[PDB]
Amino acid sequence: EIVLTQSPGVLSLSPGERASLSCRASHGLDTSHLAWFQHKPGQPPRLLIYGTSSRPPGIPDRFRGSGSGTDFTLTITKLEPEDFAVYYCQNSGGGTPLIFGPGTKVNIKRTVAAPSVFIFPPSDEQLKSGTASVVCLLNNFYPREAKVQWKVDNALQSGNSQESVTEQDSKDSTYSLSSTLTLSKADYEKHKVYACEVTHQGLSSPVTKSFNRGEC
């Protein structure tokens, strides 16, 4: 089975800059059998390059494909706003299965921004349901990588939280993230301190936001 690797994992660049994307194969490929695709979330993949270096009709010539053997490159000569997307190389034939590489995401570069962190207790209304949701909001930060830890009366929580992250903001190029801790009402009422500890490179040290159950 062919294995494809893509580097960088992510690229962070400004509109107007050149992008160089790497695709390496575990065994040599015919140039006829290496393709590149663009993908944006929720939209069909788009063929950029086939046969290592050929553009299908309609593809702008700022997209250039090169390479041979085990080493392939997709160049974007000058990034346009629409080019911030995920790019996949693909072993496109002539046998099967056809393999997509792991992808390189090209993000909009901006300065590092620490998250503003907010914590929300469950509403009294929800507690009537028998379940308590505690929400931790990490707002307007960059880059996307962030760590959230939950502690309840200083016990680290495991398996009872879920995270969601926004796409890069159109105006300020930041991300936001939510982490939601789910507890039974019974467990929520048995404990006092609810803490969300956040680690991000914009912070000199991790930040903890907390509340005590029952306090205004």
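For every residue, the number given is its place in the sequence shown, counted from 1.
For the pair 83 to 91 and 107 to 115, the record assigns the higher mean C-alpha temperature factor to 107 to 115. In this entry, 184 to 192 shows the higher mean Cα temperature factor of the pair 184 to 192 and 158 to 166. Per the deposited coordinates, the residue with the largest Cα temperature factor out of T31, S26, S54, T174 is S26. In the deposited entry, the Cα temperature factor of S66 sits in the bottom third of values across the chain's modelled residues. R46 sits in the middle third of its chain by CA B factor, as recorded in the PDB entry. In the deposited entry, the Cα temperature factor of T131 sits in the top third of values across the chain's modelled residues. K151: CA B factor in the middle third of modelled residues in this chain (values from the PDB entry). When all modelled residues of the chain are sorted by CA temperature factor, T73 is found within the lowest third.
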